[PDB]
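**Q** Next comes run_8.txt, compact mmCIF, C-alpha atoms:
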# COMPACT_ATOMS: atom_id res chain seq x y z
CA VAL A 1 0.06 4.43 -10.08
CA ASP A 2 -0.62 7.88 -11.37
CA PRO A 3 2.10 9.75 -9.78
CA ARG A 4 -0.04 12.80 -10.08
CA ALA A 5 -3.07 11.52 -8.15
CA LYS A 6 -4.29 12.68 -4.77
CA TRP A 7 -2.55 11.05 -1.91
CA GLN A 8 -4.47 8.25 -0.28
CA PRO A 9 -3.11 6.98 2.90
CA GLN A 10 -3.37 3.47 4.23
CA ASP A 11 -2.66 2.20 7.65
CA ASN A 12 -1.54 -1.35 7.02
CA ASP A 13 1.98 -1.47 5.79
CA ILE A 14 4.63 0.79 7.10
CA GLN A 15 7.07 -0.20 4.38
CA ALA A 16 4.89 1.23 1.65
CA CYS A 17 4.90 4.87 0.50
CA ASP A 18 1.18 5.34 1.08
CA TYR A 19 1.36 4.53 4.73
CA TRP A 20 -0.40 7.38 6.48
CA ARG A 21 2.68 8.76 8.42
CA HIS A 22 4.85 9.03 5.37
CA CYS A 23 2.59 11.81 3.89
CA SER A 24 5.65 14.12 3.78
CA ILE A 25 8.57 11.70 3.69
CA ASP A 26 11.51 12.27 1.40
CA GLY A 27 14.15 9.55 1.18
CA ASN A 28 13.92 5.92 2.50
CA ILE A 29 11.91 4.22 5.24
CA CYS A 30 14.12 3.24 8.22
CA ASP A 31 12.04 0.19 8.83
CA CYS A 32 13.73 -1.28 5.65
CA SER A 33 17.32 -1.19 6.77
CA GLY A 34 17.40 -2.30 10.38
CA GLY A 35 15.48 0.52 12.06
CA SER A 36 11.86 0.86 12.91
CA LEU A 37 8.99 3.21 12.14
CA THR A 38 10.35 5.53 14.88
CA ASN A 39 13.88 4.25 15.77
CA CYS A 40 17.16 4.42 13.93
CA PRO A 41 19.05 1.37 12.66
CA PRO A 42 22.15 0.29 14.48
CA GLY A 43 25.25 2.37 13.79
CA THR A 44 23.41 5.52 12.62
CA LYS A 45 22.98 8.84 14.36
CA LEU A 46 19.55 10.28 15.32
CA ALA A 47 19.18 13.93 14.27
CA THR A 48 17.58 16.42 16.57
CA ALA A 49 16.29 18.30 13.49
CA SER A 50 13.25 17.51 11.39
CA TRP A 51 10.69 18.72 8.85
CA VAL A 52 7.14 18.39 9.91
CA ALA A 53 3.83 17.50 8.38
CA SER A 54 0.38 17.01 9.52
CA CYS A 55 -0.88 13.73 8.23
CA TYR A 56 -4.26 12.12 8.17
CA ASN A 57 -4.86 8.86 10.09
CA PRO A 58 -7.45 7.19 8.03
CA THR A 59 -8.09 4.84 10.77
CA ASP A 60 -9.10 7.26 13.44
CA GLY A 61 -10.09 10.08 11.15
CA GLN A 62 -7.45 12.24 12.82
CA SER A 63 -4.37 14.19 11.94
CA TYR A 64 -1.17 14.19 13.73
CA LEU A 65 1.94 16.13 13.49
CA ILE A 66 4.77 14.01 12.06
CA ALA A 67 8.43 14.90 12.85
CA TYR A 68 10.61 13.54 10.13
CA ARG A 69 13.97 13.04 11.78
CA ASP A 70 16.71 11.46 9.80
CA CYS A 71 19.16 8.70 10.88
CA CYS A 72 22.47 9.74 9.66
CA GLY A 73 26.08 9.10 9.28
CA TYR A 74 25.60 6.43 6.69
CA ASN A 75 25.20 6.27 2.99
CA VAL A 76 21.59 6.11 1.70
CA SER A 77 19.99 2.65 2.34
CA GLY A 78 18.52 2.35 -1.09
CA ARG A 79 15.64 0.31 0.16
CA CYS A 80 12.11 1.56 0.27
CA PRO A 81 12.48 4.91 -1.34
CA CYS A 82 9.63 7.47 -1.15
CA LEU A 83 8.92 11.07 -1.84
CA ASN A 84 5.59 12.38 -0.56
CA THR A 85 4.81 16.11 -0.37
CA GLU A 86 1.54 16.56 1.51
CA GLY A 87 1.58 20.20 2.36
CA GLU A 88 5.22 20.70 1.61
CA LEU A 89 6.28 24.41 1.29
CA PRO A 90 9.21 26.08 -0.45
CA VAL A 91 12.80 26.10 0.99
CA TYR A 92 12.04 29.49 2.53
CA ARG A 93 9.64 27.82 5.03
CA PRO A 94 12.04 25.07 6.15
CA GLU A 95 9.84 23.73 8.88
CA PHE A 96 7.84 22.13 6.16
CA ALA A 97 10.53 21.76 3.54
CA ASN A 98 11.54 18.21 2.66
CA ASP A 99 14.51 18.61 0.24
CA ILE A 100 16.65 19.79 3.19
CA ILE A 101 18.97 17.20 4.94
CA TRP A 102 17.48 17.01 8.47
CA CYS A 103 20.55 15.59 10.10
CA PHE A 104 21.34 18.59 12.33
CA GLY A 105 21.95 17.46 15.81
CA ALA A 106 23.06 13.88 15.10
CA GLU A 107 26.02 12.87 17.20
CA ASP A 108 29.44 12.89 15.94
CA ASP A 109 28.39 15.49 13.39
CA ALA A 110 26.77 12.92 11.15
CA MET A 111 25.27 14.88 8.16
CA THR A 112 25.00 12.06 5.61
CA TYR A 113 21.52 10.90 4.83
CA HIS A 114 20.62 7.24 5.50
CA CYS A 115 16.88 7.06 6.19
CA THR A 116 13.93 8.88 7.76
CA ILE A 117 11.68 7.91 10.75
CA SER A 118 7.97 8.77 11.13
CA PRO A 119 7.31 9.33 14.80
CA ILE A 120 4.18 11.15 15.89
CA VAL A 121 4.86 14.30 17.78
CA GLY A 122 1.25 15.31 18.48
CA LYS A 123 -2.25 15.92 17.02
CA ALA A 124 -3.39 17.79 14.47
Mind turning this structure into structure tokens?
**A**
Amino acid sequence: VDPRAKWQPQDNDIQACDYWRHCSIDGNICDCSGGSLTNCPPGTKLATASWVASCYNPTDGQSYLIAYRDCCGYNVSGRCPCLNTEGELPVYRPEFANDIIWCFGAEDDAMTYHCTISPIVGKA
């Protein structure tokens, strides 16, 4: 609703695009294809790489640093697709660039994008 409206996080449904941790997600939620909010689905490869974002926890009034690692080596899930860009910078500042495939580091050289996890890596 109003794709151009300020982001408004919630903290009650991790499979929705307005879930607080997904503030800078690009792709699909892993929780929708056999994974979890922070774990990869069976068969996929966890990347060591990530793009980061600092997202607001509406519940505690705090911000935490989110490391968006991708689960790779599979074709895109196609379930629960999102694209959030809270504080996303151009490609020339990759740390915070979300169009890049953050599969670097996955075993077996998996570089295909399947889904993205939203683990917290620290405050603020």
**Q** Taking the point (21.4, -0.1, 14.0) as given in the file, collect each protein or nucleic acid residue that comes within 12 Å of it, counting all atoms listed in the file, and present the set as a PyMOL selection string.
**A** chain A and resi 30-36+39-46+71-74+114-115
**Q** So that I can check the surroundings of range 83-96 of chain A, please list as a list in words every protein, DNA and RNA residue that reaches within 9 Å of it, counting all atoms listed in the file and ignoring chain neighbours fewer than 5 positions away.
**A** residues 7, 17, 18, 22, 23, 24, 25, 26, 27, 28, 50, 51, 52, 53, 54 and 55 of chain A
**Q** Taking into account all atoms listed in the file, which residue in the set A:56, A:29, A:121, A:13 is nearest to residue 78 in chain A?
**A**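 Closest to residue 78 in chain A of all the choices is A:29.
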**Q** Between CA of residue 103 in chain A and CA of residue 49 in chain A, what is the distance in Å, rounded to a tenth?
**A** 6.1 Å
**Q** Go through A:97, A:16, A:65, A:124 one by one, measure the shortest atom-to-atom distance of each to residue 79 in chain A using all atoms listed in the file, and give the residue with the smallest value.
**A**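 Checking each of A:97, A:16, A:65, A:124 against residue 79 in chain A, counting all atoms listed in the file, the winner is A:16.
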**Q** In Å to one decimal, how far is CA of residue 57 in chain A from CA of residue 123 in chain A?
**A**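 Result for CA of residue 123 in chain A versus CA of residue 57 in chain A: 10.2 Å, one decimal.
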**Q** Which residue, A:117, A:104, A:112, A:38, has the smallest gap to residue 69 in chain A when you use only C-alpha atoms?
**A**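 Looking at the shortest contact to residue 69 in chain A, the residue is A:117.
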**Q** Which residue gives the smallest distance to residue 3 in chain A among A:63, A:19, A:122, A:82, with only C-alpha atoms counted?
**A**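 Between A:63, A:19, A:122, A:82, the residue approaching residue 3 in chain A most closely is A:82.
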**Q** What is the distance, in Å and to one decimal place, between CA of residue 10 in chain A and CA of residue 48 in chain A?
**A** 27.5 Å
**Q** Using all atoms listed in the file, find the one residue out of A:108, A:70, A:9, A:60 that sits nearest to residue 37 in chain A.
**A** A:70
**Q** Any chance you could export range 27-88 of chain A with C-alpha atoms, as a PDB file, in the first residue's frame?
**A**
ATOM      1  CA  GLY A  27      14.948 -11.019  -2.564  1.00  0.00           C
ATOM      2  CA  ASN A  28      12.890 -13.639  -0.606  1.00  0.00           C
ATOM      3  CA  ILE A  29      12.480 -14.482   3.072  1.00  0.00           C
ATOM      4  CA  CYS A  30      14.168 -17.812   3.961  1.00  0.00           C
ATOM      5  CA  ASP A  31      11.527 -18.545   6.496  1.00  0.00           C
ATOM      6  CA  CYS A  32       9.182 -19.245   3.480  1.00  0.00           C
ATOM      7  CA  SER A  33      11.091 -22.065   1.873  1.00  0.00           C
ATOM      8  CA  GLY A  34      12.320 -24.312   4.642  1.00  0.00           C
ATOM      9  CA  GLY A  35      14.752 -22.001   6.430  1.00  0.00           C
ATOM     10  CA  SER A  36      14.282 -19.719   9.359  1.00  0.00           C
ATOM     11  CA  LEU A  37      14.651 -16.033  10.148  1.00  0.00           C
ATOM     12  CA  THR A  38      18.408 -16.673  10.638  1.00  0.00           C
ATOM     13  CA  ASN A  39      19.129 -20.192   9.231  1.00  0.00           C
ATOM     14  CA  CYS A  40      19.316 -21.522   5.712  1.00  0.00           C
ATOM     15  CA  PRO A  41      16.930 -24.119   4.289  1.00  0.00           C
ATOM     16  CA  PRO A  42      18.187 -27.622   3.790  1.00  0.00           C
ATOM     17  CA  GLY A  43      20.400 -28.138   0.746  1.00  0.00           C
ATOM     18  CA  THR A  44      21.490 -24.486   0.380  1.00  0.00           C
ATOM     19  CA  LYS A  45      24.835 -22.889   1.109  1.00  0.00           C
ATOM     20  CA  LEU A  46      25.312 -20.106   3.714  1.00  0.00           C
ATOM     21  CA  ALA A  47      27.344 -17.188   2.348  1.00  0.00           C
ATOM     22  CA  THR A  48      29.988 -15.551   4.435  1.00  0.00           C
ATOM     23  CA  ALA A  49      29.222 -12.243   2.661  1.00  0.00           C
ATOM     24  CA  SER A  50      26.424  -9.807   3.374  1.00  0.00           C
ATOM     25  CA  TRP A  51      25.037  -6.289   2.979  1.00  0.00           C
ATOM     26  CA  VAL A  52      24.205  -4.563   6.157  1.00  0.00           C
ATOM     27  CA  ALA A  53      21.560  -2.249   7.479  1.00  0.00           C
ATOM     28  CA  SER A  54      20.680  -0.705  10.691  1.00  0.00           C
ATOM     29  CA  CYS A  55      17.057  -1.336  11.389  1.00  0.00           C
ATOM     30  CA  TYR A  56      14.674  -0.035  13.979  1.00  0.00           C
ATOM     31  CA  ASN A  57      13.110  -2.438  16.512  1.00  0.00           C
ATOM     32  CA  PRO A  58       9.820  -0.859  17.166  1.00  0.00           C
ATOM     33  CA  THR A  59       9.383  -3.024  20.100  1.00  0.00           C
ATOM     34  CA  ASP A  60      12.384  -1.972  22.086  1.00  0.00           C
ATOM     35  CA  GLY A  61      12.875   1.370  20.446  1.00  0.00           C
ATOM     36  CA  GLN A  62      16.330   0.233  19.360  1.00  0.00           C
ATOM     37  CA  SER A  63      18.337  -0.266  16.233  1.00  0.00           C
ATOM     38  CA  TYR A  64      20.421  -3.160  15.382  1.00  0.00           C
ATOM     39  CA  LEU A  65      22.786  -3.958  12.682  1.00  0.00           C
ATOM     40  CA  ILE A  66      21.328  -6.559  10.307  1.00  0.00           C
ATOM     41  CA  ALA A  67      23.672  -8.787   8.225  1.00  0.00           C
ATOM     42  CA  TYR A  68      21.834  -9.947   5.174  1.00  0.00           C
ATOM     43  CA  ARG A  69      23.522 -13.192   4.242  1.00  0.00           C
ATOM     44  CA  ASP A  70      22.131 -15.169   1.403  1.00  0.00           C
ATOM     45  CA  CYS A  71      21.482 -18.960   1.200  1.00  0.00           C
ATOM     46  CA  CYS A  72      22.682 -20.031  -2.108  1.00  0.00           C
ATOM     47  CA  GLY A  73      23.188 -22.682  -4.616  1.00  0.00           C
ATOM     48  CA  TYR A  74      19.552 -22.909  -5.500  1.00  0.00           C
ATOM     49  CA  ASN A  75      17.203 -21.189  -7.819  1.00  0.00           C
ATOM     50  CA  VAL A  76      15.143 -18.321  -6.306  1.00  0.00           C
ATOM     51  CA  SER A  77      12.366 -19.639  -3.963  1.00  0.00           C
ATOM     52  CA  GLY A  78       9.698 -17.407  -5.352  1.00  0.00           C
ATOM     53  CA  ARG A  79       7.914 -17.253  -2.066  1.00  0.00           C
ATOM     54  CA  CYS A  80       7.731 -14.167   0.050  1.00  0.00           C
ATOM     55  CA  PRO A  81       9.467 -11.683  -2.140  1.00  0.00           C
ATOM     56  CA  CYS A  82      10.551  -8.287  -0.728  1.00  0.00           C
ATOM     57  CA  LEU A  83      12.629  -5.313  -1.610  1.00  0.00           C
ATOM     58  CA  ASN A  84      13.225  -2.819   1.198  1.00  0.00           C
ATOM     59  CA  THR A  85      15.884  -0.088   0.944  1.00  0.00           C
ATOM     60  CA  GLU A  86      16.192   1.585   4.348  1.00  0.00           C
ATOM     61  CA  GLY A  87      19.433   3.442   4.055  1.00  0.00           C
ATOM     62  CA  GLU A  88      20.598   1.615   0.990  1.00  0.00           C
TER      63      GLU A  88
END
